[PDB]
Amino acid sequence: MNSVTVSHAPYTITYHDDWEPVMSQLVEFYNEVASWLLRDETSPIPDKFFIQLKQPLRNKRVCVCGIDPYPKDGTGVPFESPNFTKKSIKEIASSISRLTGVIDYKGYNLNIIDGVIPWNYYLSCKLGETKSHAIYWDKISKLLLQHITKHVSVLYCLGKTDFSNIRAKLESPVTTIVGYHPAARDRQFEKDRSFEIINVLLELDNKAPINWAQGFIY
Amino acid sequence: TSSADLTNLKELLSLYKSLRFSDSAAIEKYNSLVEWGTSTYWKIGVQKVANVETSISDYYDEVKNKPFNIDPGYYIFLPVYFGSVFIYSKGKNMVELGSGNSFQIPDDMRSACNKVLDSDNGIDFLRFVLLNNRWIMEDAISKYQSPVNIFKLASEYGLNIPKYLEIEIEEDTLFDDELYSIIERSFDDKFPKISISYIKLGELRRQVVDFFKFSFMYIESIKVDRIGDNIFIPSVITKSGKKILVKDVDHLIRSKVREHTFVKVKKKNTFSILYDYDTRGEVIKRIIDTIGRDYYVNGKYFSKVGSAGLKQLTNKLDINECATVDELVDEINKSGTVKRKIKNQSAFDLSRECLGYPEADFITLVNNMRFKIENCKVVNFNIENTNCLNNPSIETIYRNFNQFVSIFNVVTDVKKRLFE
Amino acid sequence: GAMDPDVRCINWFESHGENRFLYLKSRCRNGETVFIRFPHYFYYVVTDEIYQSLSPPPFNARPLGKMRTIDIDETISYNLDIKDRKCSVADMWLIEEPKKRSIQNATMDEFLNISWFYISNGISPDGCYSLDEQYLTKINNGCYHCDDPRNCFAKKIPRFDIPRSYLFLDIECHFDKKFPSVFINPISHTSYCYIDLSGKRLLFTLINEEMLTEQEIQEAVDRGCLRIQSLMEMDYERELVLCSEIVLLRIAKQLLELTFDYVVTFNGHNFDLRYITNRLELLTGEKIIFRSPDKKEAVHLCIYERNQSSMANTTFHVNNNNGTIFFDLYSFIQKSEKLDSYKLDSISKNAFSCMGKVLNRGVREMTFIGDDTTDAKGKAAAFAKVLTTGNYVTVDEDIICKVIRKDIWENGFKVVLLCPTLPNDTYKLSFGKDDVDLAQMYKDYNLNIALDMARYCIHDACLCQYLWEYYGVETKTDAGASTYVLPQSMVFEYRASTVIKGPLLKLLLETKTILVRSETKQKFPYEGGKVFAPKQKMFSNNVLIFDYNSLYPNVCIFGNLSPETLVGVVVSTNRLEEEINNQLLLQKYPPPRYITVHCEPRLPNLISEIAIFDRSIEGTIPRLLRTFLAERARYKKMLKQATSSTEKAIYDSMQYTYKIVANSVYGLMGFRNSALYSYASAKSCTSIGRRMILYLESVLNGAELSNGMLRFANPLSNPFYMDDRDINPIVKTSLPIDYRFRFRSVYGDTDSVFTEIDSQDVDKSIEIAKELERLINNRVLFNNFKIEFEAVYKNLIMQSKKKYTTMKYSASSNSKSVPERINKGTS
C-alpha cells in the first residue's frame with residue numbers, strides 16, 4: 001500500500017501498487033475539482049473517496065461496474081449496505097441465490113470475492129440526487145476505468161441507460177457485458193443471466209469462473 | 001444477457017473443446033459464433049483458425065519405448081495397424097489425422113457408421129484405418145461403455161472389428177517383448193501390428209506401447225502392386241526378398257526413397273516399415289523419372305497410361321459394366337439415385353472422378369493451356385504455359401489428357417442424352 | 001390573434017416524452033411562428049397474410065396494393081444452372097401503430113419512421129400548405145391539435161418568403177497555457193449576433209468584469225461602456241455591455257431559451273455551448289432550460305456525439321426540443337468539404353476573397369479601394385459586407401495586415417491597412433490566419449486588450465451570418481428537407497446510407513418493389529485499392545481536359561446494374577472451365593438483352609468472374625439514378641430561366657443537393673451497411689467505368705487529324721456487345737484541311753481524361769476541343785454516355801491527382817485573354 005497527498009481532503013490517498021501509474025493524473029484532476037466538489041455533501045463522505053484504491057487488481061478479473069455510489073448510506077464500497085438494506089444488493093443476492101441455490105443467507109458483499117472488484121464510475125453523488133456530481137468527476141472516472149480495464153478481464157455494468165456509451169470512453173476493447181441495473185422495471189434484472197454468462201466468458205478466456213457464493217455472509 | 005446468448009456461448013465453448021475432432025462444418029459454426037461473440041461483447045478469449053490441428057492425444061499418453069510394469073485391474077487389448085488413419089464423429093465425415101481433409105468413402109462403411117452413431121448418444125467418435133483400400137474400424141472411445149458392445153454392434157453391422165482381448169492382471173510383471181509378442185499372437189491376424197492399445201475399466205485415457213529396434217537394408221526396386229481397378233500400390237523389396245510396408249505414396253515422396261541405395265527401417269517380429277522424416281517437387285519428379293515417364297499420380301496409387309474407357313465410368317458410377325454408350329443410359333432411369341448423383345455433380349466433377357485425377361495438379365495444368373470448344377464439347381486444346389511441365393503430374397496427366405477430353409465429351413453427351 | 005392558414009415549414013422535430021409526438025415549427029407570412037402537434041406512431045409493412053394473421057387489431061393499417069417481392073441475394077455459380085431470381089407478388093399493408101409491436105416477419109425495416117410519416121401523409125417537408133382550422137384544434141398558445149395530417153395538409157400553396165430570426169453567438173475564455181476548462185479557465189468575453197424578425201442586425205459584445213479591475217471597469221464605463229449587474233437591467237442595442245460572470249451566464253440563459261428559428265456557431269456544440277452549460281452550473285444552480293412549445297416536456301441541455309464511417313470523425317449535437325435547429329458550422333462544413341484545413345482562417349480565406357486596386361502608397365499604412373468592377377460583379381458586395389467587422393486582412397495571401405480604417409458605402413469598400421508600402425499593380429485581400437496572440441494578450445490581460453479582443457470575438461461570431469448566407473446553408477438545408485425527405489433538423493446530421501432511404505422509398509412505393517434479404521452478408525469491401533500514375537509531370541504543350549457527365553450515375557442507367565437485374569455471377573477455377581463457361585454464357589444469354597461483364601475474381605482460387613445483368617426492365621436503382629440526373633438537368637435549366645434572386649438561391653441549392661445525392665450512389669451500392677447493397681452491382685459498376693476509361697484513352701491516344709478527317713489509333717467499336725454504329729476510326733472533322741494535328745492521351749483517373757494536343761496554341765486547342773466535344777458525343781460515345789470539355793492546361797506541371805499547377809484557359813477566352821492560374825498543394 002502507498003499513500004499520496006492531494007491539495008484537499010483527504011490529503012492522503014492510499015492505493016495498492018497496481019494503481020501506481022494512475023496517481024499523478026488522479027492527483028492533478030482532484031486538486032482541480034476538489035473545492036467545487038466539496039460544495040455539496042456526499043454519500044460517502046469525502047474522507048471515504050479513496051478506499052477503492054487500496055484494493056489490488058492483479059488477482060481481480062471480473063469488474064462489476066456500478067455507475068455511482070448510493071445517494072444515502074454511502075460507504076465507499078460499491079453497492080454495499082452495512083445492514084444489507086439496499087434494494088440493489090438485495091436483488092444481487094436474490095439472483096446469486098437462484099443461480100447457486102442458497103436459500104438462507106444474511107448478506108452479500110461483492111468485495112469478498114477473488115477476481116471480482118466492485119467498482120464505482122463516478123466517485124460521488126449529491127445527497128438524494130444521482131449523477132449530479134458527474135460533471136466534476138468525468139476526468140477521474142475515465143482515468144480510473146481505463147486503468148482498471150488495463151487488467152480486468154470482464155466489465156459488467158448495471159444499468160443499460162447509464163452505461164450507454166461506456167465503450168467510447170474506454171480505448172482498449174475488453175470483454176464487456178452490459179446488464180440491467182437492479183432498479184430495473186418488471187424484475188428484468190431477475191431475468192438477467194449476467195453471472196452465468198460472466199463465468200462462461202471467463203472460461204472462454206481460460207479464466208477462473210467467479211464463485212459468487214463467496215460474497216455471501218451467513 | 002439472454003439465456004439464448006448463454007446457450008450460444010455454451011455451444012461455442014463446447015465446439016472449442018471439440019476442435020481437433022472437428023470438420024469444416026464445425027469450424028464454420030465455431031467461427032460464426034466467435035464472430036457474434038466478439039462483436040457483441042467487444043472481446044473474446046478465442047479467435048478464428050483455418051488449419052484445424054486434429055489430434056486424439058488427450059485420450060493417450062507418451063508411448064512406451066522400453067519394458068514397463070502393470071498390475072491393477074482388468075485390461076482390454078486392441079491392436080494398432082498400418083496405413084492411413086481417419087476419425088468419424090457425430091454428424092461429421094472421415095478426416096485424415098494431422099491433415100484433415102474430406103476423404104471419399106463408400107456408402108456401406110458410411111451407412112454402418114451412421115447407424116452405429118444413431119444407436120445411442122454416448123460415442124465420442126469412431127476410429128478407422130485405411131490399409132490397401134481395406135477399411136478397418138480399429139477402436140471407438142466413450143465415457144460410459146467400452147469398445148466391446150460397440151465392437152459387437154459394428155460386427156453385426158457388417159464392418160470389420162479387431163478381436164478385442166479382455167485379460168486380468170494380478171501380480172507385478174514387467175511388460176516386455178516376450179509378453180508383447182504373446183498378446184500380438186493372441187490376436188491371430190496377418191495384418192501389420194505396430195503397437196498395442198490396452199484399456200482399463202473406468203479410465204478414459206488409453207495408453208499404447210511400441211517395442212522396436214533400428215535396422216538398415218538395401219533397396220533394389222520400387223514397384224507398384226495391383227490392389228484394385230486402376231489402383232496399384234507401390235512397394236519395394238530387399239536382397240533376401242523382405243517386404244517393406246508403406247502407408248501412402250505421400251509417405252514415399254516424404255521419405256525421399258532413392259533407387260539402388262540403403263534405407264533405415266524399424267523391423268518388427270513379423271513385418272518391417274521404412275521410416276519417414278528423411279523437396280516435394282524434386283522427389284515427385286525424380287521417382288517418376290526413375291520408374292518411367294509413363295507413370296501418373298493416380299491418387300494414392302501409381303498407374304500406367306490409364307487408357308480408361310467407358311467401363312471406368314461405370315465402375316465409379318457403380319452401375320452395370322457396359323462397353324456400349326447406349327447401355328450407359330438404360331439402367332440410369334431404373335436407378336433412383338444414380339441419376340441423382342450424376343445430375344447433381346457437374347460434367348467436370350464426374351470427369352475428374354472417373355479418371356483418378358488429382359485436383360490441384362490437374363487444375364494448374366489446365367490453367368496452363370488453351371482450348372477450342374464447339375457445341376459444349378472440346379474440339380482441340382494447346383498448352384499455354386510449359387513451366388507447369390516441370391511438375392511430373394502435369395505432363396503425365398497431359399499424356400492422357402486425351403483420355404480426359406474423351407471421357408469429358410462422353411460425360412457431356414451423357415448429360416445430353418440423360419435429358420433425352 | 002387569428003391563425004394564418006398560410007404557413008411555411010422552417011423546422012421539424014420528434015418528441016421525447018412517454019407520449020411522443022411530432023411538433024412542427026412553421027412560419028406564416030405576416031410574421032407568426034406557429035406550432036402544430038402531430039401524433040407520432042410506428043410504421044410497418046407486412047404481407048397481407050401476416051396482416052390477417054394478427055389477432056389483436058393494429059391501431060391503423062393501410063394497404064399499398066399487390067407489390068412483387070424481389071429477392072436480391074447474390075449466388076455464385078460455377079456453371080450455367082443459374083436459378084431464376086426469386087420473385088413473389090403479394091399485397092402489402094402499411095400499419096400505423098403507436099407501440100413498438102415488434103413482429104418477427106415485418107418488411108421494410110431498415111428505414112426511419114419519420115420518412116414514412118412524410119410519405120404516408122404526402123406532407124412535403126418544406127412545402128407551404130393552407131392548413132385547415134377544422135383539422136387544427138388549438139391546444140396551447142401557438143400549438144394546435146392535428147389528428148389527421150392528410151386532410152389537414154389539403155391545399156398546398158406556392159413558395160413565398162418569410163422573416164427568419166437567425167441568432168448567432170460565439171465567445172472566448174481565458175485559458176492559462178492548456179485548453180480552457182470550465183472549472184479553471186474563466187470566460188474572457190462573449191459576443192452575440194442577434195438577428196430578430198425585423199432583420200435588425202443587433203449586436204452586443206459582453207465582457208467579463210471578473211478578470212478585470214474594478215478601476216478598469218470604471219474607466220471603461222467612462223469610455224462608453226454600460227455596466228449592468230443583473231438579468232433585468234439588460235438592453236440589447238448597446239455594443240459593450242459589461243457584467244460579471246454570474247450576470248453574463250444569467251443573460252446567456254435568458255438568451256438561448258428564446259424561441260429562435262436558427263442558432264449558429266463555429267465549433268460550438270462541442271466546446272463553447274457546453275462551456276456555457278458547465279460554467280453556469282458550476283457558478284449557479286440553473287441548467288439551461290429548453291421547453292416544448294406545448295409546455296408538456298422540459299429537457300435540459302444535452303451534449304451527445306454521433307459517429308460515422310465511410311478518417312475517423314465525430315459530430316456533436318444537442319437534442320433540445322424548443323424549436324431552434326441548433327446548428328453548427330464546423331461539423332456541417334467538414335461534411336460538405338474535403339479541404340486542406342478546416343480551421344476558420346482557411347474557410348474565411350476560401351469564402352471571401354476579393355481583388356484589390358492600390359490607391360495610396362507610402363508608410364506602413366496603405367489605403368485600398370475595390371468597386372463592383374475591381375474584380376467581379378459580386379465579389380465586391382459580399383467582401384464589403386464582411387469588411388464591416390473584421391480586423392486583419394491577408395494581402396497577397398501572405399501579408400496578414402490589420403485594418404486601420406475601413407470605408408464602405410454599398411457596392412465596394414475603401415480600407416487603410418497596416419501593410420508596408422510597395423508599388424504594385426494590385427493585391428489579393430483575404431481573411432487567412434489571424435495575427436493576434438490571444439494567449440499573449442490573456443497573459444497580460446488589461447482593459448484596452450479586453451476591448452480589442454471583444455471586437456475580435458464579435459468578428460468571430462458575426463462571420464457566422466456571413467458564412468450562413470455564403471454557403472447558402474439555409475437554402476441547402478431547405479433543399480435537403482424536400483430531397484432526402486427528412487426534417488430540416490437532420491439534413492446534415494445523419495449519414496449517407498441513412499438519408500438516401502427517402503427517395504429510394506418513394507421510388508419503391510411507386511414501382512411496388514420491395515428489397516428483402518434472408519441471407520447474411522459476407523466480409524469483403526467494394527474497393528481493391530486502385531492506384532493511378534501520370535504519364536509525365538512537366539508538359540510542353542496544351543492539355544485538353546475532358547470530364548465525364550456523372551460517370552457512374554449514368555453507367556448505372558446504361559447497363560441497368562442493380563440488385564434485381566443481377567441474374568447470376570459465374571466463376572470457374574481453371575482455364576478450361578473458364579473458357580467453357582465463357583462460350584456457354586455467350587451462347588445462352590444473347591445480346592442485346594443481356595450484357596457480359598468482366599469483374600475481379602473475389603477469391604484467390606478464382607480467375608474469371610462473369611457478371612450477367614439483364615436490361616430487360618429498368619430496375620429500381622437505375623431508374624432512380626436516371627430520375628436524379630434528369631431532375632438535376634431540369635433544375636439547372638430552371639436556374640437560367642428565372643430572375644428573382646430568391647430563385648437564384650433555391651434552384652442553386654436544389655441543383656447542388658441533387659448532385660451530392662446522385663453522385664454518392666456508387667458508394668451506397670458497395671457499402672455493406674447500406675440499403676442498396678449488391679456486391680456484383682458495385683463490382684460491375686466499377687468494371688464498366690474502368691472499361692469506359694480505357695476505351696476513351698485508346699480512342700484519344702494515337703489519334704491524328706489527317707487534313708480534314710480524324711484518324712484514330714483504334715476503331716469506334718462498342719466494347720460491350722454488338723454495335724451498329726460506324727466504327728470507322730476515320731471521322732469527318734469540321735476544320736479546314738490545313739489542320740493536321742495528333743493527340744496523345746496523358747491522364748485520366750475516373751471521369752476526367754487529359755488530352756494532349758501537339759501544339760502550344762491554346763486558342764487552337766479551344767477550337768479543336770469545341771469540335772471534339774461534338775465529335776465524341778456524336779460518333780465515339782453511345783446511348784446515354786455524354787461528356788463536356790473542361791479546360792486547357794498550358795505549361796501543365798502535375799505530380800498527381802492533387803498536387804498540380806498549370807495555366808488554365810477557359811473556352812470563353814482566347815490566347816490573348818486572362819488565363820486561370822491554378823496552384824493547389826502549395827505550403
# chains A, B, ... in the order shown; residues from 1 in each chain; ligands from 1
>>> residues_around(residues="segment 762-777 of chain C", least_positions_apart="4", cutoff="9 Å", atoms="only C-alpha atoms", output="mmCIF file with C-alpha atoms, in the first residue's frame")
data_model
loop_
_atom_site.group_PDB
_atom_site.id
_atom_site.type_symbol
_atom_site.label_atom_id
_atom_site.label_comp_id
_atom_site.auth_asym_id
_atom_site.auth_seq_id
_atom_site.Cartn_x
_atom_site.Cartn_y
_atom_site.Cartn_z
ATOM 1 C CA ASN C 541 2.059 21.537 -74.835
ATOM 2 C CA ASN C 542 -1.609 22.229 -74.119
ATOM 3 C CA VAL C 543 -3.668 19.615 -72.282
ATOM 4 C CA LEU C 544 -7.343 19.374 -73.231
ATOM 5 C CA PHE C 546 -12.224 16.296 -70.729
ATOM 6 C CA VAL C 731 -14.335 10.710 -88.851
ATOM 7 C CA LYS C 732 -15.069 13.874 -90.817
ATOM 8 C CA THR C 733 -13.699 16.845 -88.887
ATOM 9 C CA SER C 734 -15.285 20.283 -89.300
ATOM 10 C CA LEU C 735 -11.929 22.032 -89.593
ATOM 11 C CA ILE C 757 -2.537 18.423 -78.312
ATOM 12 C CA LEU C 781 -19.805 7.598 -77.279
ATOM 13 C CA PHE C 782 -23.212 5.975 -77.420
ATOM 14 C CA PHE C 785 -22.944 8.491 -72.374
ATOM 15 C CA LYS C 786 -22.143 12.199 -72.724
ATOM 16 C CA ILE C 787 -19.119 14.323 -71.820
ATOM 17 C CA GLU C 788 -18.263 18.024 -71.732
ATOM 18 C CA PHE C 789 -14.832 19.589 -72.187
ATOM 19 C CA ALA C 791 -10.186 23.108 -69.588
ATOM 20 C CA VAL C 792 -6.928 23.627 -71.471
ATOM 21 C CA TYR C 793 -3.719 23.373 -69.437
ATOM 22 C CA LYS C 794 -0.660 25.036 -70.957
ATOM 23 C CA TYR C 809 -7.524 28.674 -70.310
ATOM 24 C CA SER C 810 -11.301 28.976 -70.473
ATOM 25 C CA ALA C 811 -13.230 28.097 -73.625
ATOM 26 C CA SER C 812 -14.871 31.540 -73.421
ATOM 27 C CA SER C 813 -11.404 33.131 -73.729
ATOM 28 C CA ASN C 814 -8.607 33.039 -76.304
ATOM 29 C CA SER C 815 -4.810 33.174 -76.366
ATOM 30 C CA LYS C 816 -4.916 36.944 -75.733
#
>>> residues_around(residues="residue 367 of chain B", least_positions_apart="5", cutoff="12 Å", atoms="only C-alpha atoms", output="mmCIF file with N, CA, C and O atoms, in the first residue's frame")
data_model
loop_
_atom_site.group_PDB
_atom_site.id
_atom_site.type_symbol
_atom_site.label_atom_id
_atom_site.label_comp_id
_atom_site.auth_asym_id
_atom_site.auth_seq_id
_atom_site.Cartn_x
_atom_site.Cartn_y
_atom_site.Cartn_z
ATOM 1 N N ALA B 360 -5.406 -30.453 -57.596
ATOM 2 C CA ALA B 360 -4.569 -29.270 -57.769
ATOM 3 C C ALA B 360 -3.703 -29.374 -59.018
ATOM 4 O O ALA B 360 -3.592 -28.415 -59.794
ATOM 5 N N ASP B 361 -3.072 -30.530 -59.225
ATOM 6 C CA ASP B 361 -2.213 -30.697 -60.391
ATOM 7 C C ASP B 361 -3.001 -30.490 -61.672
ATOM 8 O O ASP B 361 -2.586 -29.734 -62.557
ATOM 9 N N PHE B 362 -4.153 -31.149 -61.780
ATOM 10 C CA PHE B 362 -4.947 -31.034 -62.993
ATOM 11 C C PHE B 362 -5.419 -29.607 -63.203
ATOM 12 O O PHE B 362 -5.413 -29.105 -64.331
ATOM 13 N N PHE B 381 -7.138 -28.429 -78.088
ATOM 14 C CA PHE B 381 -6.504 -27.838 -76.924
ATOM 15 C C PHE B 381 -5.032 -27.626 -77.232
ATOM 16 O O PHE B 381 -4.480 -28.232 -78.153
ATOM 17 N N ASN B 382 -4.405 -26.752 -76.451
ATOM 18 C CA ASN B 382 -2.982 -26.498 -76.611
ATOM 19 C C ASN B 382 -2.429 -25.899 -75.328
ATOM 20 O O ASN B 382 -3.090 -25.083 -74.682
ATOM 21 N N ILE B 383 -1.207 -26.304 -74.981
ATOM 22 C CA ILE B 383 -0.553 -25.822 -73.771
ATOM 23 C C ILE B 383 -0.301 -24.328 -73.893
ATOM 24 O O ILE B 383 0.228 -23.850 -74.904
ATOM 25 N N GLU B 384 -0.681 -23.582 -72.862
ATOM 26 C CA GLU B 384 -0.377 -22.161 -72.814
ATOM 27 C C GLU B 384 0.943 -21.896 -72.108
ATOM 28 O O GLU B 384 1.719 -21.038 -72.543
ATOM 29 N N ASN B 385 1.219 -22.625 -71.032
ATOM 30 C CA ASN B 385 2.462 -22.490 -70.293
ATOM 31 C C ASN B 385 3.137 -23.847 -70.200
ATOM 32 O O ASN B 385 2.497 -24.839 -69.837
ATOM 33 N N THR B 386 4.425 -23.887 -70.531
ATOM 34 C CA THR B 386 5.233 -25.088 -70.381
ATOM 35 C C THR B 386 6.023 -25.108 -69.079
ATOM 36 O O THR B 386 6.767 -26.064 -68.837
ATOM 37 N N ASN B 387 5.892 -24.076 -68.243
ATOM 38 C CA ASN B 387 6.538 -24.113 -66.937
ATOM 39 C C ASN B 387 5.893 -25.151 -66.031
ATOM 40 O O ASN B 387 6.578 -25.761 -65.202
ATOM 41 N N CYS B 388 4.583 -25.366 -66.173
ATOM 42 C CA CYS B 388 3.920 -26.429 -65.429
ATOM 43 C C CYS B 388 4.460 -27.802 -65.798
ATOM 44 O O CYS B 388 4.359 -28.734 -64.995
ATOM 45 N N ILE B 394 1.734 -32.830 -64.026
ATOM 46 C CA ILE B 394 1.213 -32.056 -65.148
ATOM 47 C C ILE B 394 1.411 -32.815 -66.453
ATOM 48 O O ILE B 394 0.453 -33.115 -67.173
ATOM 49 N N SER C 572 -15.127 -19.871 -62.557
ATOM 50 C CA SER C 572 -14.574 -21.203 -62.717
ATOM 51 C C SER C 572 -13.116 -21.160 -62.299
ATOM 52 O O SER C 572 -12.415 -20.178 -62.557
ATOM 53 N N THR C 573 -12.671 -22.228 -61.646
ATOM 54 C CA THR C 573 -11.364 -22.225 -61.009
ATOM 55 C C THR C 573 -10.212 -22.380 -61.991
ATOM 56 O O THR C 573 -9.072 -22.068 -61.634
ATOM 57 N N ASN C 574 -10.472 -22.839 -63.210
ATOM 58 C CA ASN C 574 -9.402 -23.216 -64.119
ATOM 59 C C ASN C 574 -9.703 -22.701 -65.516
ATOM 60 O O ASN C 574 -10.840 -22.362 -65.843
ATOM 61 N N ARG C 575 -8.662 -22.682 -66.350
ATOM 62 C CA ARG C 575 -8.776 -22.062 -67.665
ATOM 63 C C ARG C 575 -9.763 -22.796 -68.559
ATOM 64 O O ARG C 575 -10.503 -22.167 -69.323
ATOM 65 N N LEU C 576 -9.771 -24.127 -68.507
ATOM 66 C CA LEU C 576 -10.677 -24.880 -69.365
ATOM 67 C C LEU C 576 -12.125 -24.598 -69.005
ATOM 68 O O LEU C 576 -12.931 -24.253 -69.873
ATOM 69 N N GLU C 577 -12.476 -24.740 -67.729
ATOM 70 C CA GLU C 577 -13.838 -24.410 -67.335
ATOM 71 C C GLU C 577 -14.108 -22.927 -67.521
ATOM 72 O O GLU C 577 -15.242 -22.539 -67.819
ATOM 73 N N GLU C 578 -13.076 -22.095 -67.370
ATOM 74 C CA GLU C 578 -13.191 -20.678 -67.692
ATOM 75 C C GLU C 578 -13.754 -20.488 -69.090
ATOM 76 O O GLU C 578 -14.823 -19.899 -69.273
ATOM 77 N N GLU C 579 -13.045 -21.012 -70.089
ATOM 78 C CA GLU C 579 -13.453 -20.812 -71.473
ATOM 79 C C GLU C 579 -14.767 -21.521 -71.769
ATOM 80 O O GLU C 579 -15.591 -21.020 -72.549
ATOM 81 N N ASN C 605 -8.624 -18.413 -55.435
ATOM 82 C CA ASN C 605 -8.663 -19.578 -56.307
ATOM 83 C C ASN C 605 -9.375 -19.308 -57.627
ATOM 84 O O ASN C 605 -9.146 -20.038 -58.597
ATOM 85 N N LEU C 606 -10.222 -18.286 -57.691
ATOM 86 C CA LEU C 606 -10.937 -17.961 -58.915
ATOM 87 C C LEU C 606 -10.092 -17.051 -59.798
ATOM 88 O O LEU C 606 -9.257 -16.284 -59.312
ATOM 89 N N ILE C 607 -10.310 -17.149 -61.109
ATOM 90 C CA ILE C 607 -9.610 -16.281 -62.053
ATOM 91 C C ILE C 607 -10.540 -15.541 -63.003
ATOM 92 O O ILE C 607 -10.128 -14.522 -63.589
ATOM 93 N N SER C 608 -11.783 -15.978 -63.203
ATOM 94 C CA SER C 608 -12.722 -15.266 -64.063
ATOM 95 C C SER C 608 -14.105 -15.296 -63.437
ATOM 96 O O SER C 608 -14.629 -16.371 -63.134
#
>>> interface_residues(of="chain B", to="chain C", cutoff="7 Å", atoms="only C-alpha atoms", output="compact mmCIF listing (two decimals) with N, CA and C atoms, in the first residue's frame")
# COMPACT_ATOMS: atom_id res chain seq x y z
N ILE B 363 -5.83 -28.94 -62.13
CA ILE B 363 -6.34 -27.58 -62.26
C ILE B 363 -5.24 -26.64 -62.74
N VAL B 366 -4.44 -27.35 -66.41
CA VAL B 366 -5.49 -26.79 -67.25
C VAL B 366 -5.34 -25.28 -67.33
N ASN B 367 -5.03 -24.64 -66.21
CA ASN B 367 -4.79 -23.21 -66.20
C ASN B 367 -3.49 -22.84 -66.88
N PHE B 371 -7.82 -23.82 -75.24
CA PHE B 371 -8.85 -24.78 -75.61
C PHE B 371 -9.74 -24.22 -76.71
N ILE B 373 -13.62 -25.05 -78.12
CA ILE B 373 -14.83 -25.71 -77.65
C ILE B 373 -15.94 -25.48 -78.65
N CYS B 376 -20.56 -27.21 -76.75
CA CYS B 376 -20.31 -27.56 -75.35
C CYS B 376 -19.28 -28.67 -75.20
>>> interface_residues(of="chain A", to="chain C", cutoff="12 Å", atoms="only C-alpha atoms", output="list in words")
residues 29, 30, 31, 32, 33, 34, 35, 36, 37, 38, 39, 40, 132, 133, 134, 135, 136, 137, 139, 164, 165 and 168 of chain A
>>> residues_around(residues="segment 257-271 of chain C", least_positions_apart="6", cutoff="9 Å", atoms="only C-alpha atoms", output="number ranges by chain")
C: 10-11, 25, 33, 164-170, 196, 288-291, 293, 303-305, 315-318, 322-331, 344, 460-461, 464-465, 468
>>> select_by_dssp(residues="segment 108-335 of chain B", states="strand (DSSP E or B)", output="NGL selection string")
:B and (125-131 or 134-141 or 165-168 or 173-175 or 195-200 or 207-209 or 214-219 or 222-228 or 231-236 or 244-245 or 261-267 or 272-274 or 296-298 or 301-303)
>>> decode(residues="segment 26-66 of chain A", atoms="C-alpha atoms", output="PDB file, in the first residue's frame")
ATOM      1  CA  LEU A  26      -5.532  11.425 -10.409  1.00  0.00           C
ATOM      2  CA  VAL A  27      -3.879  13.923  -8.055  1.00  0.00           C
ATOM      3  CA  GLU A  28      -3.936  16.651 -10.688  1.00  0.00           C
ATOM      4  CA  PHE A  29      -7.608  16.144 -11.522  1.00  0.00           C
ATOM      5  CA  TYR A  30      -8.723  16.030  -7.900  1.00  0.00           C
ATOM      6  CA  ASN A  31      -6.685  19.091  -6.960  1.00  0.00           C
ATOM      7  CA  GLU A  32      -8.537  20.805  -9.788  1.00  0.00           C
ATOM      8  CA  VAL A  33     -12.051  19.649  -8.923  1.00  0.00           C
ATOM      9  CA  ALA A  34     -11.921  19.317  -5.144  1.00  0.00           C
ATOM     10  CA  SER A  35     -13.484  22.510  -3.774  1.00  0.00           C
ATOM     11  CA  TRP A  36     -16.358  22.666  -6.248  1.00  0.00           C
ATOM     12  CA  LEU A  37     -16.880  19.006  -5.409  1.00  0.00           C
ATOM     13  CA  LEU A  38     -16.883  19.937  -1.705  1.00  0.00           C
ATOM     14  CA  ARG A  39     -19.711  22.383  -2.385  1.00  0.00           C
ATOM     15  CA  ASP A  40     -22.156  19.539  -1.655  1.00  0.00           C
ATOM     16  CA  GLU A  41     -22.421  16.764   0.905  1.00  0.00           C
ATOM     17  CA  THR A  42     -21.567  13.332  -0.432  1.00  0.00           C
ATOM     18  CA  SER A  43     -22.554   9.743   0.288  1.00  0.00           C
ATOM     19  CA  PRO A  44     -19.951   8.513   1.171  1.00  0.00           C
ATOM     20  CA  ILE A  45     -18.133  11.378   2.880  1.00  0.00           C
ATOM     21  CA  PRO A  46     -15.089  12.919   1.158  1.00  0.00           C
ATOM     22  CA  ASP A  47     -12.862  11.023   3.585  1.00  0.00           C
ATOM     23  CA  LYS A  48     -14.102   7.740   2.101  1.00  0.00           C
ATOM     24  CA  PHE A  49     -13.489   8.755  -1.511  1.00  0.00           C
ATOM     25  CA  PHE A  50     -10.387   6.574  -1.808  1.00  0.00           C
ATOM     26  CA  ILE A  51     -10.990   3.233  -0.144  1.00  0.00           C
ATOM     27  CA  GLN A  52     -11.459   1.741  -3.612  1.00  0.00           C
ATOM     28  CA  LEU A  53      -7.817   2.435  -4.463  1.00  0.00           C
ATOM     29  CA  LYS A  54      -6.233   0.113  -1.889  1.00  0.00           C
ATOM     30  CA  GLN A  55      -7.835  -2.975  -3.438  1.00  0.00           C
ATOM     31  CA  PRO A  56      -5.345  -4.924  -5.577  1.00  0.00           C
ATOM     32  CA  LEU A  57      -6.264  -5.859  -9.127  1.00  0.00           C
ATOM     33  CA  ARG A  58      -3.667  -8.437 -10.202  1.00  0.00           C
ATOM     34  CA  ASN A  59      -5.927 -11.099  -8.665  1.00  0.00           C
ATOM     35  CA  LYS A  60      -9.081  -9.376  -9.963  1.00  0.00           C
ATOM     36  CA  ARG A  61     -10.553 -10.476 -13.280  1.00  0.00           C
ATOM     37  CA  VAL A  62     -14.280  -9.623 -13.447  1.00  0.00           C
ATOM     38  CA  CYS A  63     -15.047  -5.979 -12.708  1.00  0.00           C
ATOM     39  CA  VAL A  64     -18.665  -5.339 -11.719  1.00  0.00           C
ATOM     40  CA  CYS A  65     -19.080  -1.659 -12.554  1.00  0.00           C
ATOM     41  CA  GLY A  66     -21.559   0.469 -10.601  1.00  0.00           C
TER      42      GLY A  66
END
